[PDB]
Structure formats: C-alpha cells, structure tokens
Ligand SMILES: OC[C@@H]1O[C@H](O[C@@H]2[C@@H](O)[C@H](CO)O[C@H]2O)[C@H](O)[C@H]1O
C-alpha cells in the first residue's frame, strides 16, 4: 500500500472500507462509522475486537497480509506497530490537513517514526475521577467535592468503605490489567510534575515519590475493610468499569468513553455521578492519560485513497461535532472542544478542560505492551507487590526498564 498520488480529500467512490477497533471504544466507534456511512458512497465495514485480542489479531493478519483498510489501535500500542511497518506512510496526507495543529497531537506522535507519520486520532479516551454522589451523601461527604489529592482520595474512599454495607467499597483497582493501571495511576505522577519513563523512553522512572504515594494509597485501601471492591485483585480488565457503573464503588479513576453510559443511567433515575480531574499527591495538581485509539491505513490496503477519505472526513470540526460533541463524547479536535460544548453537561465541560489545559500525556515506547499492558508484565507485578504483597520498588522498576530497553 502507498498514499502516492491520492487526492488531498481522498476518494469517495462506493468502495467498501474495512475498519478494526476495540470493544472499550465500541459506543464512539459505532457513532463515527454510522455518521460516515450515512453521508458517503464509500461504506465502512466495522469490526469491534476485544481489547486483549488486538495484538494477536494484528500480528496474525500482518503475516497473511489480511490487515483491514483502517486499523485503529490503542495509542500505547501504535509505536510498536508503526515501527514494524503495519501502516502505510501518510506523512504527506497528514501534513496537508489545513487543521493539523488542532488535532490531538499525542495520537499523531504515537505513529511518528523519525518524522514519518502513520496515524491520526480516531477516538480520544482520557482518564478522570468519578464518584457516586449517593454513596458520598450516605457516608457524610459533600457530594459536590471530588478528591483534590491522593490523600483526599483515600479519605473519601475510606468514608464510603465505613458505610460497612454488603457490596459497597471505597474504590476499585484493576489488579491484573496493566493497561487500566497505567491509565488510572500514571496521571497522579504527571500531576506532580514527575515522569514514568526517562528522557529517551528506554527506562522506567516509577521509583519516585509520586508513584510511591499512589501505591501507598491503594495499599491503605487494600488494608481497609471494604476499601477496594471484591474482584480488584483478580480484575483482568474485562470488567473493571462494571462495579462503579453498578453503584458499588465510591470513587475511582475511569474512562471518559464509559461516562455517557453513567450519565444515561442517572437520567433514567440511577445514582448521580461526580466527575473531576485525577489529582496528584500534591493538592490542586491534576493530569490525565491522553489515551484511546489512533488509526492509520494498513500496509495491506488496496483502497488507500478511499481509506484516506474517512481519515480526512473525521478530522473536520463539523464531523467531530456530529459524532462526538452531539453524542456527549469528547472530540479529538481542540477547536471542537472549545466551541461545540458551550451548553453541554458541566461534567463533559470538566472532561474537556483536562485536554484543553494541556497537562495530560501519552506515553510512547515500542515496548509499551510488553512492559505494561501485557498479562503478568513487570508493571503489573510492581503494582501487585506494592498493593497486596511486599515489593522492592527499585528492583521492580528496573524489571520494567529491562523490558523497555531490550534490543
Ligand atoms: O491501554 C492504555 C490506555 O488505557 C485505556 O484503555 C484501557 C485498556 O488498557 C483497559 C483494558 O481494557 O480498558 C481500557 O479502559 C485507554 O483507552 C488506553 O489508551
């Protein structure tokens, strides 16, 4: 596949375009594809793939040259895929977008290799703090006030735990999901101005005061009756958003892409949701994980101009407004974030503020899956030791480094 000679806006000619993305982003992906298909001759044939299957599916399809036209991937997985030639070089096409500066830059950076560009943002997924205002009220907490520090997060989680009720816990930790753990825990380190990787992405820097404070917090909750919801230790990632949605959890980090479901449940007469940025150990410091899926045109596409038509279309602020803002979801285009949510739910305005304010990060390493997301990764073992066992954070950190720096 090559993007040589394709039109600046791509080709809309009735081609069937295959697109892969992952189950956690299903609500947003269906909205995007339906909007494109209702307005173009080209038609996107969408496949939603379970989060933990996407590596095996991409690796196998790459070997049989059966990758889809458009492959969306978790921004932490993209650098590896881009480095191994999974994507068609679309530098010219990306650099030709008149609004490139407006697009979520972490998604473009994820697919950059020595300045060659392979990806654009597909769906932004940021981590935020959610809490159950009904549990807060019952526990004697001010339901309007989310946690401004990790210490206040522990204090609020402990007050809800002390309700001492079957099925109610202060917080929840995705104990065996390295990907949910980086998403939920990294922002508290960045909030404090600390780093999780070194200057050149080849070493972990998790042996720092902020990360220790975060792990201290979750250990305290692990040692509190009803501190962490049943299933925390065994949570694979397949159910980690369920206990909060089911009203069983006081307060935890959570995906913005899962918040529209909560806001719908509240409209139906369910429990009221609070949303705020994830805090540092340092009070009033905040950040987020600028995650979700980026997308590019696979090396196997026979329809590069037609796939580019989809990428081009979605980058436009009007498209972003239709498929994200108008649906209550966070856009990938800062112009859309600043203009399309003026009478939106203030919690959505809160979510957007964390992106507009610029203090979140997208981590980039070609070894990110092996070091972090993978089942039994050195990062998962680091967290499991610190929260539920004993650990040597210097040793456990160096075990992450040894995977990031492997040649
Ligand atoms: O994977 C890193 C980052 O976290 C969010 O994805 C989560 C995924 O890892 C877990 C396991 O399913 O559930 C998702 O919430 C985000 O989309 C991604 O960039």
TODO: Describe numerically, in nm with one decimal, the distance between label points set 7 Å from Cα along Cα→Cβ at residue 394 and at residue 342.
DONE: 5.7 nm
Open item on the list: Which log10 I(q)/I(0) values does region 168-319 give at q = 0.10, 0.12, 0.16, 0.20 Å⁻¹ under the Debye formula, counting every alpha carbon as one identical point scatterer?
Closed with: -0.49, -0.67, -1.00, -1.26
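So if each residue of separation counts as 0.36 nm, and I subtract the Cα-Cα distance between residue 137 and residue 234, what length gain in nm does that give?
Fully extending the segment from residue 137 to residue 234 adds 32.0 nm.
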TODO: Give the distance, in whole Å, between the Cα centre of region 107-132 and the Cα centre of region 1-78.
DONE: 16 Å
Task: Extension gain, residue 9 back to residue 23 (0.36 nm per residue minus Cα-Cα distance, nm) - done: 2.1 nm
Task: Segment residue 335-residue 38, extension gain: residue separation times 0.36 nm, minus the distance between their alpha carbons - done: 104.5 nm
Task: Inter-site label distance for residue 318 and residue 145 at 7 Å from Cα along Cβ, in nm - done: 4.7 nm
Task: region 10-153: projected area of the alpha-carbon convex hull, averaged over directions, in nm² - done: 12.4 nm²
Task: Acute angle (nearest 10 degrees) that the helix 150-161 long axis makes with the longest principal axis of the chain, alpha-carbon atoms - done: 70 degrees
- [ ] Using a Förster distance of 41 angstrom, determine the FRET efficiency expected from the C-beta separation of residue 30 and residue 155, and round it to 0.05.
- [x] 0.55
- [ ] Return, for the Cα atoms of the chain, the radius of gyration and Dmax in Å, separated by a comma.
- [x] 20.9, 66
TODO: Can you check how the C-alpha radius of gyration of region 285-387 compares to 2.2 N^0.38 Å, as a plain ratio?
DONE: 1.39
- [ ] Using only Cα atoms, locate the centre of region 241-272 and the centre of region 180-201, then give the distance between them in Å, rounded to an integer.
- [x] 25 Å
TODO: Only helical DSSP H runs with n ≥ 4 go in: add -39500 (n - 2.57) per run for the chain, normalise by residue count and round the 222 nm mean residue ellipticity to 500 deg cm²/dmol.
DONE: -11000 deg cm²/dmol
Open item on the list: Compute the helix-to-body angle for 209-222: its Cα long axis versus the longest principal axis of the chain, expressed 0 to 90° and rounded to tens.
Closed with: 60 degrees
Task: 0 to 90° range, to nearest 10: angle between helix 378-388 axis and the chain longest Cα axis - done: 20 degrees
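Take the Cβ-Cβ distance between residue 198 and residue 16 as r, set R0 to 51 Å, and report the resulting FRET efficiency rounded to the nearest 0.05.
Once rounded, the FRET efficiency stands at 0.70.
Percent antiparallel among DSSP beta bridges with both residues in the chain, to the nearest 5?
70 percent
We place every Cβ from the backbone using ideal geometry, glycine too, and count neighbours over all the protein chains shown. None of the figures in this text is laboratory data; all of them are computed from the coordinates on show.
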